Structure formats: structure tokens, C-alpha cells
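Chains: A, B, C, D and E, in written order; residue numbering restarts at 1 for each.
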Amino acid sequence: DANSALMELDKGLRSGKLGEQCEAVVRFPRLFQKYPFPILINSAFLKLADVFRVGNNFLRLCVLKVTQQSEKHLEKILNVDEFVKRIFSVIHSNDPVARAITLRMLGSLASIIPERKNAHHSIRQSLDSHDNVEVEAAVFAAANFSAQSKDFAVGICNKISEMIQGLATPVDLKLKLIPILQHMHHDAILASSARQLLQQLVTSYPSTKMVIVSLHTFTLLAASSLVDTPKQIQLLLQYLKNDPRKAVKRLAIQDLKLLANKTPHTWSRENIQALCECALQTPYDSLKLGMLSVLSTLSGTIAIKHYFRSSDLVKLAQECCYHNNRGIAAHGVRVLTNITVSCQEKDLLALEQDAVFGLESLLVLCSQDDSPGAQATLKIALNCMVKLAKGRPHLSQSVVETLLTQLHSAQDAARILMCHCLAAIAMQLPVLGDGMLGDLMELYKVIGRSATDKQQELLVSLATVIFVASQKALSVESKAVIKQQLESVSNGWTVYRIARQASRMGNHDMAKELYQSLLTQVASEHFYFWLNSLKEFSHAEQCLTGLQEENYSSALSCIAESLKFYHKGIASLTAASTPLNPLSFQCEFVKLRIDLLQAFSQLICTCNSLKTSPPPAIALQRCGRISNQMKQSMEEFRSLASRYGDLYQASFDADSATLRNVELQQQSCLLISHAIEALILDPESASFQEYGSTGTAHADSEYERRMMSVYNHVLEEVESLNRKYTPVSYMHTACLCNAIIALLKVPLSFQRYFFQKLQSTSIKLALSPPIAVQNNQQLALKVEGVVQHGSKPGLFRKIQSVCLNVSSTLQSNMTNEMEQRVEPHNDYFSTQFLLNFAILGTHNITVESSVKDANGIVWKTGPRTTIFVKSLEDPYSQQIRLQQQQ
Amino acid sequence: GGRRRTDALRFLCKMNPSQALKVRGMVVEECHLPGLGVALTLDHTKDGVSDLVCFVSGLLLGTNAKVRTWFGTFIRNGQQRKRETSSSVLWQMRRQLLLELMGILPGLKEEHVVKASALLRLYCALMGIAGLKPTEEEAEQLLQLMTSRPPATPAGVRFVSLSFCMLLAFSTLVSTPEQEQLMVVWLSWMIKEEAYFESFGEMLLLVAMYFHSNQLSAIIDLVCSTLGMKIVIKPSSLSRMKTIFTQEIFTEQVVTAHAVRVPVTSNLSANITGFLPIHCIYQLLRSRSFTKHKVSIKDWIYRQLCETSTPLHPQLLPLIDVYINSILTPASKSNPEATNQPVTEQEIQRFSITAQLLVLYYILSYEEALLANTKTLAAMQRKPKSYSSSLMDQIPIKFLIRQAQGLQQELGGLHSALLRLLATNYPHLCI
Amino acid sequence: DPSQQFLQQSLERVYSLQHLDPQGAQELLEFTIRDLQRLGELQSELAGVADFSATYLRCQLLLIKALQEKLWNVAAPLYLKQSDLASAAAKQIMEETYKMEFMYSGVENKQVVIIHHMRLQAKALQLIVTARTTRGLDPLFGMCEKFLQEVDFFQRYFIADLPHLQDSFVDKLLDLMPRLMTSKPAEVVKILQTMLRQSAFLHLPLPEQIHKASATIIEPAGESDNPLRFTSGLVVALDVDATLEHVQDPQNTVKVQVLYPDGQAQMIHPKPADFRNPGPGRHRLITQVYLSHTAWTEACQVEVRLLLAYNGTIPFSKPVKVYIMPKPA
Amino acid sequence: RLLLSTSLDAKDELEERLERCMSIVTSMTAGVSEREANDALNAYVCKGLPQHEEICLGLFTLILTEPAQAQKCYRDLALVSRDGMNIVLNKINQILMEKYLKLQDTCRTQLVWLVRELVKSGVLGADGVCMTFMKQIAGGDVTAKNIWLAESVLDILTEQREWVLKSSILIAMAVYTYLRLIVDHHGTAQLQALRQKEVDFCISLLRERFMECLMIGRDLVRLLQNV
Amino acid sequence: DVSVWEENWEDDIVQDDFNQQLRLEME
């Protein structure tokens, strides 16, 4: 029990022996962790303050440690007055150490008790004491209170001004005193006075340590108070150009880096001009590197647009990209990359070649250095050329060419990073050239007997670029790849990742071969079934590759065979599900794929039925059977689209790529449905405005681009047949089944969330409840749920507000319908609902939970928890009702 | 009517074989006519793993509880009625499973171990959820499958754990005495094996300790967690098994020897929950068993403390306290940690900060125990065996306690105990 | 004043640099609204103009982000409204335009014209998304006719201000008004869609002096676990006290609202007598709101909030909540 | 009222102090939620020392009043006690050994529950409470309620024998008193089982704490010869 | 710091329980 533990811990505090006392004191925060109950926290802190008052100095310091650690819990203190009063009493002790500990205690407590005048006066008094420990404690407490309070801030600002101006203060204490001024951002005039004070400081104390501290404090103050940021940047540039000391210059670099990271837009053209001039003039490599890092950080924002041709920045960037030092070259080429991508001015198009060639030079420099700094510079250069290629395709071709030329002679880690960069290049830009594939295959061959330890990641990355490059099917080169794998790998995990990439890029035959080869290595049950299911899905998709244009019999045959393999695969997959990591997304995705293929099979069957079931002689109702079958097909495809949308809403944890893939599947379903509608059911109602910029969309994957291309082709095909034929013409079914086989021609691509799941978040959804309640007293149910997270909470999404919806029904009707939106508010929400049950009997209470993200999208994620409640009345009400029922 | 409908669907599916599995999927979705689904699977079957095994495993162990309950009711009703007249498709399915059983039995081949384990899991699902009373030939084949000796691979470890859980769950399976002595010689052979512990040894030790403590409910929890479903086990059968198990195959001496043979749990912490070998060692040490059975627990405790992650597993501090208490028995006591290279190298081949703090707490609490016992002693002159004052010089106490103060919330009880030790025995460090 | 000229030059920076690509525009808009919010927090004097400008630039940012959504390069049949952001963007711009118009005191006609222009742009965006999602010609015709009626109402209302809205959305619509009126729903929706994309960003003139209105409920305070026990069916009266600042017509515009824990959102009109003025630029509000309901299984929390009504209503203060425990008969 | 009495019984000033304690502790609560109640309670306690003592005695009497209220007020007392309630325990001893002749049966049961809670929690000075409560058992009597009380405190002591172990003098006091009870009690099968429990506990204490039993005196042998 | 490829699957700083067991199973 909470109170039992509290007093069992308390008896240690009263033990007298110091060991047990300090043991209990440091045991207290764990008790707060177990029981965040404000009653317990209040009582415990009162006991803490009592023992702090009466105890010796070491016990007081232990209580100080506890107070500092228990920061999150102390805003729930009820009797703050008594607590701080008995804490404050120790400040009158003649023992300077006790006064210092009390000052530190008040500083820790400053969050819950600002604007307390006696505490402020105690801080102000101790600041001018003689004992250095008390003075340092007073400085710390002043920092905290000035962070919290406002009037205290201006008072301490005045006192610090007259103290630093004074001569009694030693140099070290002056150093400790200056960063107090970083909290003077409470109002404009106070900040301006602090700025005048800091100007006085830098003028009249020019030695290294305190100019360092003072101008860093000025930087923080300007960052907090945005009014004086331009003059602060101007002052920093002045100190960078004029001051000769290396340390002061390096601090200026760091402060400008902070300001660039925190407010790039405020920078002016003059500031960038001055920084570029400083970079050009200085001869030291380290200072140049740092200020070019600042410039590069600026270049990756809107500062370039505010800056604007050939100017100081361009000349500096060109000069630095060929500098000997690796870091300077990296930052210079990044500046050139940013300036080229950001704007399309004529001089930029002229100098874009310079950026590319400098990038190649950096690549050849870093291709064999093999050091962590070299790895970082190589990563920077590869990211820069990926961005440049995303901006400049005609440059991207030469980028690909030089990447392939340097791939062969590069080292293993350099090859891994180069392959990652090339994979990004190929994924974003489709027309990479199949001439790449020969070089990659040749490189893959020689690497087969290269090493054993680092060979694994190089192999998987090389296989990834092979699959991404092969937009079409494979050949005997796949046989070479699998032979090399079987001969040299002997690891399996790399085989699994290569098969996973194969399934990702649609090379499903390779995936089938690898999964079949890999089945024996596994040891568990669910993993064995999962691998078998992946093998069967790969086989089913490799069956899909047998389609040819305009052949519909073979198309139906392939669809049926793929349905057989898919059913075997889904049986194996649903055998693999376990309570730990239940394969929910995979099961639902495979079910929807099977249902879509079944819908295509039935639609092909109806297109054949147009000639197989001629219209009755009794008889656009002439082809009655075909009309009814097309109605059923439209219903089935609409339901399939709705279920794909439901899967989309349920897949909140999934990444962007998986969501886009599911959206593409739903769009295919909607395309088939709309084609059915326009061609058969009502071409008059088909007033489509499809004419637009659909083809100009930026597709992020080859599969997505092909899907959009076939969408556009089918849509323009439908429009040409809008009115040109009778509603049940053979051309309609011909175009429809042509669209079906065209959609099925491209291979299905899996995504991250199918294999690897991140951002795992669920809702416990506790509540306050086989249940019954009086009908007169309407039910009030309190619900609350902790929102669990796994590793990074906000990786892709960020839950901005929980949405709760609850329903009531009898015979197990929708009688209690209301929606509530509540924020997590420290990742644990709570609220209540009021429900009524007029009907006596069995009532089911279904409560649903939905998640609203930062973008405003509504996601149906949480548990579909349901509870049963019985409805009944009290005895005397029923008795009087029966008696008066005349 | 049901038989006629099932026969008509069978003829329809035989007429269009490619869409048969579509009909099976529709059967599963609608939860109507399970016998039809089983018959369709059997027809579609005619090396890998049979699709029937995958289908029944998916039905029984899937997420959807409605399908599980529906299939369980179907199979239970099918078993109850007609007393094996061979009309129902359930007996055809059981005969198919028997044929698969005879197929997998030969020890087992290299890759056949995973399929055998899968069949064991399928039969576990059947006998647990369905309540299918096995036949005598079924029991004989199952027990023959349990007795096999896979090649001590991780698949072998999984297989032997599953088989042991199998024997634990269903004492009716073994039945007659010859099968019982077969299973006990199999258990003895499994005990004699060592490569499994690189796992099965941990759960075997756990079940032995639970039987000794008679925590049968914990046995049920562990078995259900290991297999992967919830099953009512009727603990009376577990008592009957526990009788022979404890009295012959696991005495306190042999389980103690196995426990010191058991590997430590690497990087243990509050992140990983449930019972662990540390709990078993703690229970044994509480019973003073190691000194009774003359077993050197010290090496295991040292190596365990070397393997620790940042959050503090709650059982570590009571373990160290009892172990230190175990060093102060009158007649014979457990060997304390060596003054040599273990302790010295721990405090300077890096080791975790938690490991350093735990061993430091061990030294300090050992000093307290020395001061408490030497007041009485009444034992051999080597009973103190105190650590050299030179050793106390090397160990940086203040720096490590600074680090502990930095990492308080991960090491609550540890930090509190450490501060108590510092205040009570190193006040000059507490100025 | 350094702060005033800082705000002026930041706004001038935004007005000069609006012609960037969408990424740069979004980044600059985000940085500027962050800076304006920080300035409003830092100095309470300029909090009025700061929050006003923050709302206007947030409207602009919402408009910009909506026009870059994926659906503009996908055909209407393939559209799915589950991932849609344009409708929510239009809704938020509508609410923020109402906040800009009514919440802040001292706004002159020269600000009302731009606020209504932003409202017109939001209505146009709503028309665009509704045309995208639907397929029946007649609702498109009706919606477009209503939208053209609103455009006519706007341009007739502010006849004296059109020369100062050059290159704006409404100006370009007026230049194309006969063509828009005569054209079919598809052609008109397409041409107004491509017109809205190229519309310029009007320079909002800063008022000479402007304060944001705000209320803070203090009678229930932050509440407590203690519930107001009383018999069910009957009514328990709850005192309401709030401090209203810079409200133009509080006795008419301000309405107290209480939300029971269900769909029933009861609304109340405080009488003009209870409003009292202790000092200039503020208004005290003493109200005794009356709450009744049937029996509850246990004590539950009931929410009360201030609403600022106009001619609909908007939220006006932090939603305070109190615990009520209606005991049975 | 709380203590059984009639009109002729003297107006007990200690009981009037208890009544004033009832007034302040109940009227200050006013049936509000425990949060604000304990906030105000701590304020009143920290105002001064006599009001702190009055609040403590009110909590103590509430522990003797009603079960749910006893639980809540014992919680509040453990939460708000400043000095660990040592002088409160002193006043508990005084009220106990003085007013036990008139204490109501429900109050007796709730006081026994409070004693068990204090012993289990290990509050300092509980040995004094244990030995003064032990002193009230009258020797050579066979009243059912007294025997039930003896059995209840015996159960308390048996479950917390370690707390007896850390209290050196209480070992001797308890073993001597239980030997006296053993020579007093006999006659019924329930008393026979009680005899078995007492003799087992006493033998265990005597063997495990022979050195501590040395200071009991020669009367230990006097008790031994009869048993 | 920056990453060369954003959609790279070989990033294994965060390994889920399924992949944790799968890696340990066959290595």
C-alpha cells in the first residue's frame, strides 16, 4: 500500500542513525514514482521539509538531491506555504553551509513558488556574503528564480550591474555571475538594459574567459528575446572579424551556428556578406571549417533567397570546395548544392557543373581514406548529390555515371554508402539506364569472395541496387546471384534481407527462390510459417508475371493459380500469428489482395459471360444478367475500396511509403469501379473532369509511377468510350478487362510496415465497470487510457488528440451516441460519458477509440472494446407502477 | 440437410478445383460448415509442410476468437458423436495427421525438426482448445515423437522445450508404466545433455523449483507462455507427475548442480520480466542448499553480476544479501568472491557501471557482515577471511557513488543501500 | 520602439518574400508565425497586433499548404477524403477569419476587407474540394451559383476599396466575372482553381491600436474533487465569475455556455444588468448559472465555457470544468 | 457516546477533551474530498503544538469510532504526524490503562486493529504500547471477552515475532506473561489448542533467546515447576 | 547529422521484438 510503504520508510527517517535517515531520504523519489498521488506527495514533502529543518547538513543535502530529482512531482503540493516556511527557516542559521543548502533548495523549488518576496530578499542578501559557498548557492538560486519570476529578474539585473561594476567581486565569481543575464528576456526594456550591461562588460573586461561567457550569454538572451537578434548578429560578426583570439572566434562561430539553427530568416544580406568576407580572409583551417559550417547551415534554409549571380558567397563556396581539408570541401560543396537546388538563376545553371565536379573530387578523395571523419564527409557528399539529382536530372545522369565509375575502386564501407546513395538516386529518378545493371552485376561478382565480416552489408546493399535498377524481370544473372549467395554467404539473415528487398521491388521470383532456400535454417514455429507464407506470396506474384496483353483465357488461368498460391500463403501466415506481435496488418493486407484478385476473376468471368450468356428473348435492361452482374461487381469493388480505406485508417503505425501503397491499391479499386460505372451503368452521369495535371505528379517509387501511368491510361481510355458505343458493347468489356490485366501486369510491392513495424503505439483503455444498473439512475462511465510507445514515440506520426466514440445497443440500436476529444496531456488521458437505458433488458456498450494526428487526419486505431450491462429498475418503483397500471 | 449441402459443395469444388480454396476462405469468413472446409483441404492436398497443418493451425491459433470457438465446438461435437463410424471428415483429418506423424518420425533429420515441432504445436492446439481426447495409437505416436533426440540446435532446444511442456500439460498421454519409464529415461538423457544451454535449461530449472515449492499455478502459467495458448490443465495430474519427477528425476542435489550449470541471463533488468534463473538461485540460496550439497555458487554469482544492463533488476540486491549471509554459516559456508583478479579487474575489458556498483555493494555489505559476525564468530580462524586493506585502496568508492547518484532512478534500492553503507562506514567521504 | 519596428520589418520581409517556391514559403510562414507568437508572449502591449498578424499569416499558411496537397494531380474518381487536408484547411481558415473579425477590438474597415477576402478564398477552396469529391452536376451548379452570389455580395459591399486589392483573388475574379458566370461548372471550377493558385498575398495594414479580447473564469477556479451534491431532477445554481477585457459589446456578444457530459450543450444569455465596469478597458461578469439533470451513478465533471457570439459563435476562454453529483430522490 | 456510563457517572474531563477532538476533526472535514481536507488539516496541525496534539487525538478517537472512518483517519494520521506521534502514543497508553474498564467492545476491536497496524508498520515506541496493553490482562479470570483479547494480542505477537526479537526486554516480558497465562488457562479443547500454541511459542522463545531470558529472575523457575 | 537514404531498410538502430528474435534465431 502507498501509505504503508510511506510510514515504513518514515520510521527509517526517525531512526537517528544517519545511514538509515539518508537511506530513507533517497528512497523517497522511488516512492513518488510508484505512487503519483498528490496527497502522498504533499505529506512526504512536508516530512522532507521537517527533517531538512531539524537534520544535519548531509541529510539536508540528501533532501536537496531528492528535491532536484523529484522536479516533475512538486507542482502537486497542496500546503506549499507551510512547506516553504519550514524550509525557509534554516536561512537564518549562522552556519554558512546550511544557508547555502537552503538557497539551493529554494532554487530547486523556484518553479512552484515564484513571486515570494522573502525568498527573493534571501537570495539578494546572500549574493553579497563572504562565504564563497553561500555566494555560489545564491547565484544558482538567482538563476532559477530569475528564470521563473519577472520583478526579481530586473532587481537582480540592477544588482549584478552594480556588483560587476564593483571591485570587491573576484574574477571567478564574475564569470559565474554573467550567465544570470540570459534570463532577462521577460520584457523588452529589461532585455535592452541587459544588452547595455553586456556591452559594458565586453568593453571593460576584454580577457578571454569573461568575454566568452558574456557574449555567449548575449547570444542566448538575443535568441530568447527576438527583438535584438540583428544587432547581436552584427556584434558577433564584428568580434569574428576584429578580435584576434582563436577561442573568441570559435565561440563566435558556435553562437552564429546556434542563431542560424534557431532563426535563419532574421539574417540580412549584410551579415552573410560579412561572414563570407571573414571566411575568405582568415587563414586558419579550423575557423574556416566552422564558419563554412555556419554558412552551410544557413544555405539549407530560406537565407539564400533573402541573400539574393556571382558574389562573395559563390566565390567562397567555389574556392572552399577545392580546399585540401575534407570538412571545408564538404561544407563548400554543400553550399554549392543548396544554392543550385534552391534557385534557377542563370549563373547558377552556369556554375552547377562546378558543384558536380567538386563533388566527384571529394568522392575520389574519401573513397579510400577509411576514417570516421571521412565517413561523415562521404555521407555529406552523397546526401548532397542525392539532393542535387532530385533537383537536376540532366546532372543526375552524370552523377550516376561518376558513382558507377568510382564504385569499383572504392573501399567496402565507401561502397556501402555509395550503394545507399545510388539506391536513393534510382528510387527517386526512374530513367537510370540499364547500362548501370552490368556494372553492378560485375561488382557483385568480384565482391563474392572479398571478406566475411563487412561483406554482409555490402552484399545486401548491392542486391538492393540490383533489384531497384531492374525495372523489368531478371535473367540468368539471378542464377549467378543465388549461386554466389549459396556458395559464399552461409549466414541467412543477409539472405532474408535480400529476399525482403526483392519482394519490395517486385522481383518476386528471386524472393521465392531465396525464401525456399532459407526455410531450413529457421528454428521457431511462427517464424517458419512466416517464411513459408512469404515464399508462397512470392510464388503467387511470380505467377502474375505470366500475363500477356489481350489474352484473357491465360489471364484468368494465371489469376486462378495465383489465388491458389495466395490461399496457401494466407493459411500459413494466419498460422504464424501469436499474442506477441500479432500479424494484423499482414493478414488484412493479404486478405484484401486475395479479395481484389477474386474480384478481378469474377469480373473476367462476367466479361466472358457477355458472350457466354446471351440476352433472353423476353427482353439498357436487354442484357439483364450482365447488368445485374456488373451491379454486383461495382458493389464488391466499392466494398473493397472501403475495406482498403479501413486498413489505411487502422495502419497508424505505418510509414509514408506503406500508406501510399495502400492508397494506390484503393485507387486501383476505385478506378475499376468508376470504369464499370461509366462504361455500363450510367455514361450520362459520367461528367468526369479528369482532364488535368495528373501525369505531372512527383512519384516517389517505380511501382507508384507505373501505377499512376496505368491509371492515367485507363482513365483516358474510358473517356474515349464514354458515348461511342451501346452500353453493353463488346468494346466496354474489352477495355475493362484490358485495364484489369494492365493493373495486374505490374508486380505488387510490399513496404516497411509489412516486415518491420515501428512507432508501436496502443491504448490500454481502462474503465470503471455481467454488469447491471438501475434504469432511473442513468449510467456514468469513466474511461481512461495510457498511450504506450515503443522506442521513438513520434517517429512518423504524432498523436495530437485522442477521439472517443461510444455506442449503446440492446439485444446483446445506437441510443447513447456522443463524441469526445481529449488530449493525452502527459500521455495519459481521462474523461467520462453519461449514458441512459430506457429499455429494460440486456445492453451492450461498445466504446471505440480514434486518434487525431498533428495534420488533422482522423485515424481509427485503438481497441474496439465492448462491455455488457443489464437494465433494471428498483423494486418499489416497479411495485407502484404495477399497482397504478389501470 | 447439412450432409447434402456439404456433398453438393464438394462436387462443385471438384468441378472447379482452382476456386476450391476460395470456397474454403468463404467458409472461414462466414464460419459456416467447418467439415466442408476440412474436406476441401483434404481433397486439395492431392515435401515441405502440409497445407492442412497450416490451415488447422491458423484456425486454432489465429487472432479471431470467434473462429477458434466455432472450430473447437465443431471438432468436440464430431468427436463426441457416432464413436468412430468413419463417416465424419474429422477421422479423415486425424488419419491424415497420423500419416504426417509417421512421415516425420525416423533421431530426427536435419530440417525435419521444425516440421515435427510444428506438428507438436498443432496437436497441442487440438488437445488444449478442442478438448480432443487422443486415441491409444495417437498417444503412442506422440510419445514416440517426444522421445526423439534432435541435434542440440536452437531448433532442438525449442523442440525439447515443447516436448517437455507437452508431457507437463497432458499426463493422460503417457498413461501406462512402460511409457512412463520411457519418459523418465528421456528426461534423464535431456538432463545429461549440455549443448541445449547455449533456453530449455532455464525453464526446466524453473519447473523443478515450482514442483519443489508446489506452485502448480506457476507451472500452468509457464507452460502456457512457452506453448502459446491458454489451456486448463487440471493440476491433480501435475501432482501425479510431480511425485515421480521430484522423488526420482529431480532431487535437491541434482537440481542444484544443474542450476550452477545453467547459464546466466545476459543484460538482465526490469525491462525483461517474469521469473528468471536469478530467482531460482535466490530460492536455492534461501534454502541454504549449496552448502548442503557442496556446490561453488560463487562463480555463477560473479559472472551474473558481470552481465547487467542499466535498469536494476529487483532481485539482485536480495540475492547479494542472501549470498553474503550464506558466507557466514557455522559448519561450512559458501566460498566468498576472490580477493584476486575478479574484484580488481572489475574496478579498472570494460564492465558495466551497474556491475561495478553491484560488486562494490557486495564488498561493503560483506564488511558489515564481518563486523556483525566477528562480534560472535565461534568458528574456524579462517571464517573472517576479510578483504585486504590494500584492495580497499584501489576501489574508488566516491567516484562510483557519484556515478550512482547520477543514475539514481534506474538503481533506486541500490543507490539507497549504497548511501547507507557510505554514511555508516565511510563518514569522512560524506563531508 | 525596437519591438514595433522589428514587427514591422518582419512583416515587410514576409510581404517581400512571398514569391518563393512552396517549400520556402511554408518555412518562412512557420518561422514568422513562431516569431509573432513569441513576441506576443514576450511583450503584452503588442500582444493584440501580434496575435492578429499570427492568425492572418496562419490563414495564409493553411491556404498555401492546402494548394500543395497530392489530390491536385489525381483524377476525381481516384480521390479519397480520408487523407484529405483541404476541407480541414478551409474549416480552420473560416474559424480563424471569424476570430480575426470579431475577437480583436479596434479593427477598421481596411482590415475587414482583407479578412473577408481571406474568407472568400476559404469559401472558394471549400467549393473546390466539394467539386472534387462529388459527381452530380446539379449540386456543383447550385454551389457555384451560391459562391458567385457571395462574390457579388462582397464586391458590392466594399465598392470603395477594390483599387487597393490589385492582383488579388477577388480582383481577378471580377476581371473574369462574365466568363465565370456563363461557364459550365467544370470549366468555372477549373479556372477558379488555377486562378486561386496564382493569387497574390495582400498586405495587411496594422491598426494604430489593437487589443485581443479574453476572458478567464475564476468562480469555479481550477475546480476540485469536491462535487456539488444535490437531489436529481431539481436544479443546483453555480456561480460564474470572469474578467472580460477589450470586449466591444459584452452584454450582447458574450454568452456563457455549459456542456453536460453528453450531446446536450445548453446555452445561456446573461442579462445586461449583471455586467459591471470597474475600470476602463475591462468588464466584470457575475452570473448564477442554473444546472439540472437526472440521477448519475457517481460524481462526474461538467464543463463550462465562455462563447463570443456574432452575426454563429466561437470559443472565447479556457474551458473550465466542475464536478457535479446529482443524488437520487 | 463512546464510553459506557450513565447520568450519575462523573463528567470525565479526558472524555470532554476527546469530544472537543471529535468536534474539530469532524466539523473541519465537512464531508469534502480527502485532498482539501488533509490540506486544511495539515495547515491546522502546523499552526501550533497543542492543536497538533488535538488533531492527533481526534484521529486516534476516530480510529476507535467506525471502520471506514478508522481506515481513512489512520491514513491521515500517518500522513500528517510530525514527530511520529510519540507523545500521541504516550496519551494512548494513558487512555488505555485508565479507561479500559469502560471501553466499548467495538472500540476495543478497533483499538486492537490499530495496535496491529502500528506493530506491523514498526512505529517507534510500540513496545511500550504492547507491554502496557499486556499489563491489563487480569490473571486468574475466565471471562470470554478477556480470553478473546488475550488470544488476539497473542496472534498479533506471533505474526510479528521478529519485532519481538529486535525488542530485547519485550522478549522477557512476553514469555513471562504467557507462562503466567499458561498456568492460569485450562479446561476446554479451545483452551487446549491455545495452550499448545502458547507453549510452542514460549519454548521457541526460550531456546532462541536463552541469554535474554536470563534476566527474568528466579520466578521463571517458579513458572517452570508448575508446567 | 544527416542520412544518405531516407527509405533505407538497413537502419537497425531500433529493432522490434519480432526482428530481435528472428536475428537471434539464425545467427
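Note that in this section a contact is a pair of C-beta atoms (placed from the backbone, for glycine too) under 8 Å apart; a residue touches a chain by one contact, two chains touch by 3 or more.
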Pair with more cross-chain C-beta pairs in contact, given C-D and A-C: A-C
Central chain (distance from its CA mean to the mean of all protein CA atoms): A
Length of the line joining the C-alpha centres of chain A and chain C, rounded to whole Å: 30
Gap in Å, rounded to a whole number, between the CA centres of chain B and chain A: 37
Computed distance of Cα centres, chain E from chain C, in Å: 45
CA centroid of chain B to CA centroid of chain D, Å: 48
For chain A, residues contacting two or more additional chains: 522-524
Multi-partner residues of chain B (each touching 2 or more other chains): 154
Residue list for chain E, restricted to those that touch at least two other chains: 25-26
Of chain B, residues touching chain A in the complex: 18-19, 21-22, 24-25, 48-49, 51, 53-55, 57-58, 61-63, 110-111, 114, 117-118, 121, 153-155, 157-158, 228, 405, 408-409, 412-413, 415-417, 419-421, 423-424, 427, 430-431
Contact footprint of chain A on chain C as seen in their complex: 1-3, 6, 13, 17, 20, 24, 27-28, 31-32, 35, 38-39, 42-43, 70, 72-78, 80, 82-83, 85, 88, 92, 131, 135-137, 186, 189-190, 232, 260-263, 293-298, 300-301, 328
Residues of chain C that touch chain D when the two form their complex: 224-226
Touching residues on chain A, where the partner in the complex is chain D: 3-4, 6-8, 10-11, 14, 38-40, 42-43, 46, 50, 78-79, 81-82, 86
Chain A - residues contacting chain E, complex: 376, 379-380, 382-383, 386, 417, 420-421, 423-424, 427, 457, 460-461, 464, 491-493, 496-497, 500-501, 504, 521-524, 527, 580-581, 657, 752, 755-758, 760, 790-792
